[PDB]
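Participant: I'd like to ask some things about the structure below.
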Ligand SMILES: [Mn+2]
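Numbering (my numbering), first residue to last: 2 to 1454.
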C-alpha cells in the first residue's frame, strides 16, 4: 500500500534523468498518494519518457504542448485553415518540408504491426494536402518493441513497471476494478493456444453444438456398420435400372472419341481436310502471320544517343522542338554533302515529327523574338545549356563533335531542307516451312514491340516509330499509345505497306531472342514420331502442321488458345485410357471466334486423326508422348491475366455461384443478429438433410452414411445523403463524351454504399470541396434545394437525372486516452463470444492467383487472423501426421507414393486417377466441426482441452466475412444503372439488382466456403479419412480394399488384381463400382469431376504422368519455364536463377543441346543489354551432361579451365599440393594468414614460394578480368551473411534491366558512380592494356604485375586476377564434392555458428534473429562475393533422381 507509493515517490526523482518537461509530471506524481492518481501519473510519465526519447532520437522536436498539425503549420506563419486533425509526437518544420514522427511501443507482434499499418495510413492521409500546400512530409514512425530509453536506465524503468504492476493488483483488489481495460493493462506486459481469455459462449454455441449431434449415432457396433453399408447399397443398385443415370461412366471406342471430337461445332469448323488447304488457310488467318511468312528482300545514328541522354531532365511543348532543330540541321550537312522515314526525322524520344511542322514552328517562335540576324539565337543557347549538363555526372566527349554539325545552319539553307525529300500487298509464299528465317523475323518483330513499353508519356504523323533491325534492311513500327495497354501497330517498308494489327506488348517476351531454341524443340519432337504407320508421306504433313501451329500460337496469343491446347491432354489421356466420363465432350468446348482459333481447332483435329488414326497399338507409347507434349505446348503463352477487371469479375463469379443456390446473407453485423441465426439454422438444417438419391451436384452430407463414417472411426476398425445526393445534383446542372457523363451517373455509389465502419469505403468528392470553396457549404442543403426549385421556375438521361436527383433530395430530406500511443494497446483479445474474439469476426478478402488454364481463387487476411488460422491449420497437420495416407507436405510420403504408383503401373492393374471437382465451394467448416466434435479422442485435460479450442476456432471460421472486391461492385453497379436507364444478365447480376433497389452488398458470409488454401490442411485431413472409409465400403461390398492417396485436391486409387481381372472379364460390374464410388462421395461432400479416368496404363498424381514403367518427360513443360523467369536483378543472380532452372530441366529429359541453346539465349539477352561477359556470368556453353555431380562451382571452374587453357595448368597442381598438405598436418589457420586478404594478391607468389616450384609472375598478373562489383555492389558486408540474414510482369522487368545496367551503375571506392562504357573503353584503348575477346572479353590480358600509375581513375584497381579466383574456387570445390575436381580432363544453423567462430560480423548477424573443414569453406565463400560455394545448398534445393539421354553420358569428360 503506502510503502510502494513511497518507493515510487523516492524512485522517480532519484533514478531518472532531470529534464525540463519531465519535471512537470515528476512533481505531480510525487505529490499524490491515492492509488488512482498514482497510476495515472506514473503511466503518463512512462509515456512521456519514450515520447521525448524517441523524438530526440529522430531529432524532431517533441510535441509536448499538444500542438496540432495546423498549429505546427501556423506557428511558422503558414496559413492553411482546414486539415486532418492529427497530433504528431515529433515534428521538425522547414521552409518547404515537414518531418512527422509517430511513436508507439507494442509487445505482441500482431498489435505492433497493426498500429504500424494504420499509423502509415494516417500519415499518408494528409499526403496530398501537405504536398499541394507547398511542403512535403518526411514519412517516418517510431516502431519500438522495448522500453529502453535515454531518460532512464533499464533497471529503473523495469522496477518502475514492476511497482505499477503490483499496485495494479492492489487496486484491482480495491474498487479500482476495470471491466476489461484492467486486462489490457495487466497482460499488456505490466503463442501455443492462448487460453487467457474469458468465455462468453451462450445460446449460440449450443444450437451449433447440437446440430452436430441431432441424428447421428457415433457409436455403432463393429458389425452394425456392415449391415448399414449392405442396405445403403442394393437400395441404390436396384434404383439404377430405372431411376437416376447410367453412372455417367461409359467405355471408349477410340474411333468414337475421334469422330465426336471431329463433329464438334457443327457450325463453321466443318471438316476442311486437305492439308494444303488447311495450311493455305493458316498462312492467311490473322494480319500478322501474313508478314512472318512473306519473303521480302556512323556519324549519325549516334548523335541521337547524346541528344537523348539529356532528355529526362525536362520535357515540355516549348522543348522537344528546338531539341529537334538540332537534329534536322544534322540532316542537311550530311545529305547535301552526299534514317529518314520520308517526311519524318527521328527525334529524341522514339518520337517522329514532320519535317514541315518543324521549319514552321520556327519563323513564328523565332520571328516573334532580321531573321538571318536572328539566326543562331537558339541553336547556340541549346548547345550551351546541354553542355551545361557537362562532366557534371560525366558528360562525355560527345560535345564538341556536335559543334561541327549544328552551326551549319542558315536561312538560305532552311528554305528547302524539308522540301527536298517530299515523299509522304506483299504476298504469302507458303513454302516457309522449316525455313529458319520465318521465326527469325518474329524474334525481331517482337523486340520491336517489346522494347515499346519502354517509351514514355511525351505528351500529322506523331507516331512512336521504333526500329525493326534485322540483317541490313530495317523496317519500322507506327503506333500512337504507350504504356502496357493495347494499340493498333503498323509496319512500314520502302513502299508504305500498312500491315495493321492489334496486339499487347506485354504478351510477346517468349520469342524475344529465341530463334534457335524453338526450331530445335519442334524438331526434336518429330524425332519421337518416326513411326511405322506414318513412314508414308505424312511425316512432312505432320511437320508442316506442327510448325504452322506453333506459329499461330506464338503469333496470336490469347486465353482460349491456351485453354484449348491444354484440354487436348484430357482427350489423349482418354484415348490411351480405358474408361471415361460420359459428359466429357462438354469439358472441351469453348466459344471459338477469331479465325486463328478455329484454325487451331482444325490443326488439332488433323493431328489427332493422323497420329491416332488407323494401325493402332503398334507404337502408341511414342504417339502418346508426342501428343501429351503437344498438349503442354500451351505454356508458351504467358500466364499474365489478359485483362485485370475481366479477370476479377470471373473470379468473383466462380466464388459466388454456389452461394446463389445455397444461401448467403449479404453484409452481416459484428453482433450476430437474429436473422443470421435463423439463416444459419436453416442452412445447417438443409446441409444435414440430403436423401439417398442426391441431386448429385449440391452441397450436402447425408446423416445416414455420415453416421457410419464417424462411428467406424470412433470404433477401432478404420485405423492401421442530405449531402451525397445534393453534391451529385448541383453539378449535374452545372456540367450541362456523354459516356464520361455515364461514368458521372455511375459514380453514384455514395447514396448506395456506406458500409461497415473500420475501413470499407476506399477523388472529386474532396475536389468539389476545394472547387466550390464558397462561404456556407456545410449546413443543411436548404440553399441547394432552393436553387433546384428556382431553376425550372442523347438527352433523356438528363431529364430522368433531374427526376432521380429530385427524388434523392426529397427522400434524403474515461480511459487512457493520451496514453493510447503509449504502452497501452487499445485492441486485443478478451472475453470472446462464439462468433468472434471480441476484436472482430475473422475478416478476409479475395483476389485471383495467376495460372495457365484458369485464374484460381486466393483468400488473404490481415495478420491477426492469419495468426489464429495458423492454430487450426497446424493442429490438423499434427493430427494427420499420425495417419499414413496423405501427401501434401509430408514430402517423404511422396517418394513412397511414386514407388507404389510405379510398382502398380508396371503390371497392369487399374489406376483410378480421379480428380475431385469444385473442392473449394463444396466444403464448409461446419463439416470439419461435425467431424471433430463427434470423434472420441482419449484421456482428458490434455486432449479434452485444445479440442475445445480447435472446435472454437472453427466456429469462428464459420462466420467469416469475405469482401466483395471494389472494382467488381463498381462494375456491377455500372451494369445495373446502364440497364435501368435504357437481356443477358447472368445470375450474379440480378442479386445486385434486388439489393441495390435497397442496400449495396459489401460482405458475404455463408457456411459453404472453406477458403481456398486457408484451411488447406483441415481439408486434407478430412479427405484422407473419407477416402480411407470409402475404400472400406467398397472393400466390404465387392471384396477388395483398394489403397488411395491424397493431396487435398487430387487422388488416386490403385485397385489390386481382383478388381482388375473384371474389366477384361466383365466391365458390367466395374462400371457399377465406379458408379458407387462416385455416389457415396456424392453423399458426403466429394464430387468426382468428369476429367477422371481409370487408365490401365496411365496415371496423373499432382502432374507427374506415367506410361508403362518410365515417366513422360514433359520437355515442353520445363523449356517453357526456363525461357521465362528472367527477372530484373544483378546479372550475377539473374544468371543464377537460370543455372538452377536448367538443372531442374536436365533433371527430366530435356536434352543437353537444347539446354546449351537456352543458356546461349540468356547470354545473348545480356549481351544485347551491353553488359560485359566476365567469365563468372553464365555457365559454360559447352556442357557434357555434367549437371549431375557438379555444383555451380564445377561449371564456373570448367569455364575458367578453357577460357585460359594452359595458365590454369600450374595453378591446378599448386592447389593439388595445398590440398595434399592442408587436411593432414598443417595450416588450418595459418592459411588465413597466407590468405593475406587485407592486402594485395601477391599471395599467389608467396604461396607458390611457400611449398612449391617455379611460378612466374605471368600466370598470375596476366589473366585479370574486369569485375564490376569489386569495391561495392552496383545500384538498382559479404554475401553469405546477407543470405543468412534473409533466413530470419516479366517483359517490363527486362525492359528495365536494359535501362539501368547501361546507365551509371558501378560504384567507386569513394561512393563515385561510373558508366560501363567509359570504364570498358579505357581498359581497351588508353593504356598498355590488351583487351581482346574469346566470346567474352577477358580485358587487360596482361596488366604487368599491376606495375603502373595504379588507380588511374578506376579501371586498374577495379579488376582482379583470374588464376587466383580459380585457386580459391578450385579449392572450395575440393572438400565439397571430392578430390577429382583437380585432376586433368550442412544447414542454416551450422553456417551461422561457423560464421560466429570469427565473432566480428556476429555483432551484425545476431540481432536479426528476432564440422571438420566447414570453417575453411565458409571463409573461402565469404571472401568470394560473387558465386556460391556453401550458401547455395541453403537457397536452392537440389534434385534427387536423375535420368537423361544415354547419348549424353557417352560424350563425357
Ligand atoms: Mn490430377
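C-beta atoms are modelled at their ideal positions from N, C-alpha and C, and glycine is treated no differently.
#1: How is residue 161 classed by DSSP in three states: helix, strand or coil?
#2: Any heavy atom of ligand 1 within a distance shorter than 7 Å of the CB on residue 1051?
#3: Pull the bridge partners of residue 238 from the DSSP assignment, please.
#4: Would the C-beta of residue 916 count as close to ligand 1, meaning under 7 Å from any of its heavy atoms?
#5: Is it buried or exposed, residue 580, if we count other Cβ atoms within 10 angstroms and call 16 or more buried?
#6: I'd like to confirm something about residue 1028: is its beta-carbon nearer than 7 Å to some heavy atom of ligand 1, or not?
#7: I want to check one thing, is the minimum distance from the CB of residue 1112 to the heavy atoms of ligand 1 below 7 Å?
#8: Output the distance between the C-alpha atoms of residue 771 and residue 289, rounded to the nearest integer angstrom.
#9: Only counting runs of 4 or more residues, tell me where the alpha helix (DSSP H) segments fall wholly within the segment 252–292, in order along the chain.
#10: CA-CA distance, residue 754 and residue 950?
#11: What is the rounded straight-line gap between the Cα of residue 283 and the Cα of residue 471?
#12: Is residue 1101 near ligand 1, in the sense that its beta carbon is under 7 Å from a heavy atom of that ligand?
#13: How many Å lie between residue 205 and residue 91 at the Cα?
#14: What residues in its chain sit with their C-beta under 6 Å from that of residue 134, if we drop five residues either side in the sequence?
#15: Per DSSP, what kind of secondary structure is residue 1119 in: helix, strand or coil?
#16: Taking 7 Å as the limit between beta carbons, can you name the residues of its chain near residue 1049, skipping five residues before and five after?
#17: Quick one: residues in its chain with C-beta nearer than 8 Å to the C-beta of residue 947, no 5 flanking neighbours on either side, listed in chain order?
#18: Name the residue from 1369, 602 and 560 whose alpha carbon lies nearest to the alpha carbon of residue 636.
#19: Buried or exposed: which applies to residue 739, given that a residue is buried once 16 or more other Cβ atoms fall within 10 Å of its Cβ?
#20: State buried or exposed for residue 156, treating a residue as buried only when at least 16 other CB atoms are found within 10 Å of its CB.
#21: Anyone know if the C-beta pair for residue 294 and residue 430 falls short of 8 Å?
#22: Here's the rule I'm using: 16 or more other beta-carbon atoms within 10 Å means buried, otherwise exposed. How should residue 433 be labelled?
#23: Verify whether the separation of the beta carbon atoms of residue 1303 and residue 1129 is less than 8 Å.
#24: Decide if residue 1356 is buried, meaning its Cβ has at least 16 other Cβ atoms within 10 Å, or exposed.
#25: Find the nearest neighbour of residue 191 within the set 1220, 1190 and 161, judged by alpha-carbon distance.
#26: Using a Cβ distance threshold of 8 Å, determine whether the segment 1365–1375 contacts the segment 1197–1206, with at least three qualifying pairs required.
#27: Rounding to the nearest angstrom, what Cα-Cα distance links residue 1468 and residue 360 in this structure?
#28: In chain order, what residues of the same chain lie with their CB nearer than 6 Å to the CB of residue 1338, ignoring the 5 residues before and after it?
#29: Between which two residues does the beta strand (DSSP E) holding residue 143 run?
#30: Looking only at its chain, what residues have a beta carbon closer than 6 Å to the beta carbon of residue 848, apart from the 5 residues adjacent to it on each side?
#31: Could you tell me the distance, in whole angstroms, from the CA atom of residue 1065 to the CA atom of residue 958?
#32: Within 10 Å of its beta-carbon, does residue 1188 have 16 or more other beta-carbons around it, so buried, or fewer, so exposed?
#33: Report the start-end ranges of each beta strand (DSSP E) in the segment 306–348 that is 3 residues or longer and not cut off at the edges.
#34: Output the residue ranges of the alpha helix (DSSP H) runs that lie fully inside the segment 1247–1271 and measure 4 residues or longer, sorted by chain position.
#35: Looking at residue 987: is its Cβ nearer than 8 Å to the Cβ of residue 653?
#36: Would residue 89 be called buried (16 or more neighbouring beta carbons within 10 Å of its own) or exposed?
Facilitator: Once the coordinates are examined:
#1: helix
#2: Yes; taking the cut-off as 7 Å, the Cβ of residue 1051 has a heavy atom of ligand 1 nearer than that.
#3: None; residue 238 has no bridge partner.
#4: yes
#5: buried
#6: No; taking the cut-off as 7 Å, the Cβ of residue 1028 has no heavy atom of ligand 1 nearer than that.
#7: no
#8: 51 Å
#9: 255–263 and 276–283
#10: 37 Å
#11: 25 Å
#12: yes
#13: 48 Å
#14: 81
#15: Residue 1119: helix per DSSP, three-state reduction.
#16: Taken in chain order, the residues that qualify are 889, 1017, 1020, 1021 and 1024.
#17: Annotation for residue 947: 194 and 876 place their beta carbon closer than 8 Å to its own, counting only its chain and skipping 5 residues before and after.
#18: That would be 560, whose Cα lies nearest to the Cα of residue 636.
#19: Exposed is the label assigned to residue 739, since fewer than 16 other Cβ atoms lie within 10 Å of its Cβ.
#20: exposed
#21: For the 8 Å CB-CB criterion, residue 294 and residue 430 form a contact.
#22: Buried: at least 16 other Cβ atoms inside 10 Å.
#23: In this structure, residue 1129 does not lie closer than 8 Å to residue 1303 by Cβ.
#24: Per the 10 Å Cβ criterion, buried.
#25: 161
#26: The answer is yes - the segment 1197–1206 touches the segment 1365–1375, with three or more Cβ pairs under 8 Å.
#27: Residue 1468 lies beyond the residue range present for the chain, which begins at 2 and ends at 1454; the question has no answer from this structure.
#28: 1173
#29: Membership of residue 143 in the beta strand (DSSP E) is indicated by the continuous run 138–145.
#30: Result list for residue 848: 859, in chain order.
#31: Each residue's alpha carbon lies about 48 Å from the other.
#32: buried
#33: none
#34: 1259–1262
#35: no
#36: Residue 89 is buried by the Cβ-count criterion.
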